[PDB]
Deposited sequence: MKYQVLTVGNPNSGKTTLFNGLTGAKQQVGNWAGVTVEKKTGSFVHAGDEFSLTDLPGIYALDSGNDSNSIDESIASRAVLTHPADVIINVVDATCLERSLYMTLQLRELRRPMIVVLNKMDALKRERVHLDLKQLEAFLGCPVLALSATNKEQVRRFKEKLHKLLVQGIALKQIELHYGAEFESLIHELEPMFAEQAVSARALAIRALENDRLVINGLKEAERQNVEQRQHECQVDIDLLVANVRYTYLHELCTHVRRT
């Protein structure tokens, strides 16, 4: 009866459009088929990260909320025109294993560029529901409400992405997953972030557990940021060639 919906995506992905279309950093609600929907439009971010460099306070707030804000579902709004760039965050959302839908927006611009994308198999690799849309189109957004409501009542079925970082990094992950098994979010996902040196995860930790984590970042023989960038990029690129066709 009362659902919390987070809107998350890159800047210029269409978030504010789809938020305004549904409801009538911005907050709002609507009703559909006898249930209530509290919507939140989180600021545009490109990764689930904050901290010293990621100066913008807005980005930290978005990162923090995705990490900790209550949510029945996170709507990942993805600009279908720059598909590969946007999907990097999508991967990280998937590693959180929070309930989530991908919304390919700006589909109108894509079909006038003679690009057809295999949303069926795109769904197969992300392992979460994938929806196509043009948020400026009133009819499709209303159709989107019915689709979203149905999913929330039916429950969202998720299979986790086959994302593998190589034996060493995988070992460091399974070393740190212990101290995250209680959290609302995948211990693996938080373990990966801790090796990635995410201020949000790390500062949450006990003084002891904090000095565990960076003991592992010295253990790693390759640059952690170099490894995750390559692995996610490779995965992304293979997927795009499989799903994008002309």
Deposited-sequence segments unaccounted for in the coordinates: 25 to 38
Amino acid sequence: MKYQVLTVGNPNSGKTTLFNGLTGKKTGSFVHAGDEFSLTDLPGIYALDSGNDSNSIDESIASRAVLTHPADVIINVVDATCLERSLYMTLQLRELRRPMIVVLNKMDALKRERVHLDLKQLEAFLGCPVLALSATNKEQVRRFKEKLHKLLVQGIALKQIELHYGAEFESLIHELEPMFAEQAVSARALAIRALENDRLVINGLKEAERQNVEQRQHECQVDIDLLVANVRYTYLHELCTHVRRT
From here on, numbers count along this sequence of modelled residues.
Pick between 109 to 117 and 79 to 87: the one whose mean CA B-factor in the entry is higher. 109 to 117
I need to verify one thing: averaged over C-alpha atoms only, is the B-factor higher for 194 to 202 or for 214 to 222? 214 to 222
Out of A62, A184, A47, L39, which shows the largest CA B-factor listed in the entry? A184
Compare the CA B factors listed in the entry for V8, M1, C240, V5 and report the winner. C240
If you rank every modelled residue in this chain by C-alpha B factor, which third holds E168: lowest, middle or highest? highest
For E95, the third of its chain by CA B-factor is the lowest
Position of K138 among the chain's modelled residues by C-alpha B-factor, lowest, middle or highest third: middle
Ranking the modelled residues of this chain by C-alpha B-factor as given in the entry, is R232 in the lowest, middle or highest third? middle
If you rank the chain by CA B-factor, which third does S56 end up in: lowest, middle or highest? middle
